[PDB]
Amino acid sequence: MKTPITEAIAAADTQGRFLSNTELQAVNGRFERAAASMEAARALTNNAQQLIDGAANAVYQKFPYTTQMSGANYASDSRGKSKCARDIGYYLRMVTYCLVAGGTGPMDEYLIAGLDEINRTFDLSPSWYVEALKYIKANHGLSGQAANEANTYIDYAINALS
């Protein structure tokens, strides 16, 4: 994936040169930031379940028709609610991963590429996931730079869906 290290390497390798000091500087920037990144990733991981369930519910409350309307795309039955819970986990797992790589690479490769195509084809509204993300953000219970890291990736997802 695009991680800050593989991007330094790709940039030196494109120009066929040894790593710049510019690049070494950058990778150390990622070493500094790494501490606020692992803090968030560990916490999101340990509260995964309550966060997924929490965000599901918030979406069912915001968009009540998703539990009431007929359709393979909706969460009116047990099959759809469980597709939805899974999809929300996915988003959370991807944020985890961004924090650990120190970039959007994982989310970009595993989820975002093809995202607009999938949502049109299976007729899922981006706005459901926006809401799940806003819930995760408002309820991770982190502060300082750990918060900043997590919210930057989550907002990234949210920009992806807008």
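One rule holds for the numbers: they count along the sequence shown, beginning at 1.
Comparing the deposited coordinates for 124-132 and 30-38, the stretch with the larger average C-alpha B-factor is 30-38. The stretch 40-48 shows the higher mean C-alpha B-factor when 40-48 is compared against 107-115 in the entry. Ranked by Cα temperature factor within the chain, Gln68 sits in the highest third according to the deposited record. Per-chain ranking of the deposited C-alpha B factor places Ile9 in the lowest third. Among the modelled residues of its chain, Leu24 has a C-alpha B-factor that falls in the middle third, as given in the PDB entry. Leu99 sits in the highest third of its chain by CA B factor, as recorded in the PDB entry.
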